[PDB]
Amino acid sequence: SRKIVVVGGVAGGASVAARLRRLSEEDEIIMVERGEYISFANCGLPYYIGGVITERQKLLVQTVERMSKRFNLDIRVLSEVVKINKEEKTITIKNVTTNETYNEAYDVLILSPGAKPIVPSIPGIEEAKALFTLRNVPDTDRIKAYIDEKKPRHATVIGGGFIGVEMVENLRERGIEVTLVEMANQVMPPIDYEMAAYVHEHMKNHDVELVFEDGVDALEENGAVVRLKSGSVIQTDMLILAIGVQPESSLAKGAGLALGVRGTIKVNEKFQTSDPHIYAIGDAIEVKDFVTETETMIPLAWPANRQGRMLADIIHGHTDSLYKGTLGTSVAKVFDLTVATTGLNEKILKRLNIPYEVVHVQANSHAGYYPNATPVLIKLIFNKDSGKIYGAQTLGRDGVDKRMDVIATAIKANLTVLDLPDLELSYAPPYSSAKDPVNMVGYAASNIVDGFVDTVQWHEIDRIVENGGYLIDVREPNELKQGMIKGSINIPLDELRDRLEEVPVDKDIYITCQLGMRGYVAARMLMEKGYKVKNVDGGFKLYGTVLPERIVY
């Protein structure tokens, strides 16, 4: 029989506590949470504010009474752990209502304190009456009550990451005008620039004003005026701050436990801190990314849930399966669009100086001859020699979550781009095609790995054309509606073989089509004829989405 004390009672904390009970009836399990609720769905909060989740009670999954009863758990809400006394193996707990303190001994201590919102040093941030960050239920009730009473016409969201975007969507749907202010040149950092171009274009069609490479310089007239670094002024009725989170590691810091990147709690493969009787899981810990084993911080719910269930097994379960890192699989709903990412993106790979190739493949969510088929764009990032997958990103209106999950599975199973075409996924017209989008991205990546095709990227083509590259557009004339890449010469794929005598043999040939497929087929033709040829990855559609001001008519 052990005494196990768990600090934090949401994702990581509730997960470990429940499994621990299932593993042993004998242990005394104490769960200490500083807020009023345990196991609340914090990820549902934006949807509650948006009125998508109409019932507040639904956000409260399990009650303290029911859970403490079901798992014979000593659950202490509104109790803030203020100090860890690691030589004494006790913690000091403070009552939130009375401020009175008391000590509680432990045999084993588990920290799952989560992460807290980052607040920047903006002049006037303390005079701001209508400034909200979103982390818990009370914060949510505050925003909800604010919107009820003051009926804001316009909201400004500061920070264009996952939280910020969901907040934008949910305020928009309530009928509130929205401006998103972002320091970077794009929304959602985990995804790459060209992918974010689709997202920006979609958010604009829903009347969100996007302000890039700008920040708040000051908050005037009580926060109602936002002065931007660019000189622009935003009149607004509320301000949502969503600029990142930092580990809640002050407890570990106070106890002299070793820290890591961004002040995360440093843990070993079994979630043990630098102290043998103290463990840590959740957003607060340093994780190694699965792909490169670089130490990082990845604050997502799936990992916090898995780490808690695993730690329960480490303490009281059978064989130790060790944590082999986080892939970082995430998904977001952006109005009608689903956006998903896994593994590393080009920006990180470039920062680490790792060589990579990428392929952009757009295919339908299901058989095109079946009603309501919609595009799915997949970007695969891989090693050109081994075919190792570094990461992937996907977006579209449907069947995005399906394809991300398949590829995420592939990466954790250590499959290469060469294995992707062999994944036998379910085919019926309503759900997929004879070759699924995932198989198709596998084929496109394999052709590059095997040397059947050479490609160039959207950010290269204009420069290549300026420097004497011969650019052939192989789209049918009817496809030329939305424009072309400057320098383009149209020779439709079906005429090309008869019109060979028109392609110069002393020049580098670049081919583009709408999505890249026919450009690939034209490339293969000309390669087998002796030409030096490269296909433009993603075709005109990607190019024109990312660089719309460069389109020629």
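In this text, residue numbers run from 1 along the sequence as written.
Looking at mean Cα B-factors across 498 to 506 and 518 to 526, the upper value is held by 498 to 506. When the C-alpha B-factors of 261 to 269 and 94 to 102 are averaged, 94 to 102 comes out higher. When the C-alpha B-factors of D454, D214, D473, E194 are read from the PDB record, the largest value belongs to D214. Of all the options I118, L344, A444, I378, the entry's greatest CA B-factor is assigned to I118. The deposited CA B-factor of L59 belongs to the highest third of values across its chain.
Remark: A41 belongs to the highest third of its chain, ranked by C-alpha B-factor as recorded. Among the modelled residues of the chain, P190 sits in the middle third by CA temperature factor in this PDB entry.
Looking at the C-alpha B-factors along this chain, the one for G391 belongs to the lowest third. Residue-level temperature factors show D237 in the highest third of its chain, judged at the C-alpha atom.
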